[PDB]
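First, one chain by itself: the form deposited in one PDB entry, in structure tokens.
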């Protein structure tokens, strides 16, 4: 008698792809050092700001999956002569990545530039270090990190994706896996519906990639852009992400009632309310309380949010 079945720890059931998930492999103390293979501006010269897509080599060292983030420890020192604290960035590439070999990682980085009260133009530390990275240079990477935006296991589920600006990053990751890759253990066949809000057309992130997936899966991939400074509804209101969702209020409410519908929200801290505003009205008209309904959705792993 050499064996025993040690009693199992009690565990919550999960609908998301967390099987053998990896978080916090590399710490800022000793980050994985990769290199920059390419770094391109993906917004027009005309856009209000600059967003860049960049790919780093990882030689397979960083075991990330769709929906996770990696931290970056930007080179240099702060005003006190101290090395910089890491900043987190949602991975914009699928687990197999942009080269199909499972040895790289991609980011979608908005260059932060503003002017303080004093009137001085200020440059965010990490965002400007990253957008200025030249192919060949090293970059310090930490993580992976995150379990909140992991994709649902069900390959026939409906995945509604709501993102603003760079919040599109984990959705580019999910979609490459769903429409640009043939996975033996995962072939997607549900409905993938993407809503992206950006300020101008020159600001539309990965439009062309999204347009190829639509051309490749015209049935089950739906794409809706919400260009706030160029589009307007019948009332002349700026087309924000929730203003565009409102044009499909009936259909979305119906899917929200299906049990295999998972909703993901990523991007600006504020997008959150406009959406809830849109939701309460719908549920209301159906004699349902969004407050209560939302709770269930969240506990049911169907209303996933990651905003900054």
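Residue numbers count along the first chain shown, from 1.
- Once the C-alpha B-factors are averaged per stretch, 78-86 and 212-220 rank with 212-220 first.
- Checked against the record, the higher mean CA B factor of 138-146 and 162-170 lies with 138-146.
- Of the residues listed, 229, 123, 207, 182, the entry assigns the biggest Cα temperature factor to 182.
- Based on the entry's C-alpha B-factors, the most elevated value among 244, 258, 53, 65 belongs to 258.
- Sort the modelled residues of the chain by CA B factor and residue 99 lands in the middle third.
- When the modelled residues of the chain are ordered by their C-alpha B factor, residue 108 lands in the lowest third.
- When the modelled residues of the chain are ordered by C-alpha B-factor, residue 178 sits in the middle third.
- Placement of the Cα temperature factor of residue 116 within the chain: highest third of the modelled residues, per the deposited record.
- Residue 69: CA B factor in the lowest third of modelled residues in this chain (values from the PDB entry).
Beyond the structure shown, there is the form solved in complex with a partner chain, which is absent from this document and is the topic of what follows.
- Residues of just one listed stretch (254-262, 35-43, 275-283, 22-30) have heavy atoms within 4.5 Å of the partner chain in the deposited complex: 35-43.
- Across the proposed site, 234, 248 and 294 without exception lack any heavy atom within 4.5 Å of the partner chain in the deposited complex.
- Using a 4.5 Å cutoff between non-hydrogen atoms, residue 98 counts as a contact of the partner chain in the deposited complex.
- Among heavy atoms of residue 208, some come within 4.5 Å of the partner chain in the deposited complex.
- Residue contact with the partner chain in the deposited complex: residue 117 places no heavy atom within 4.5 Å of it.
- Proximity of residue 193 to the partner chain in the deposited complex: non-hydrogen atoms within 4.5 Å are absent; the residue sits far from the partner.
- The listed set 86, 157, 204, 112 contains one residue whose heavy atoms approach the partner chain in the deposited complex to within 4.5 Å, identified as 204.
- In terms of contact with the partner chain in the deposited complex, the residue from 230, 75, 181, 78 that brings a heavy atom within 4.5 Å is 181.
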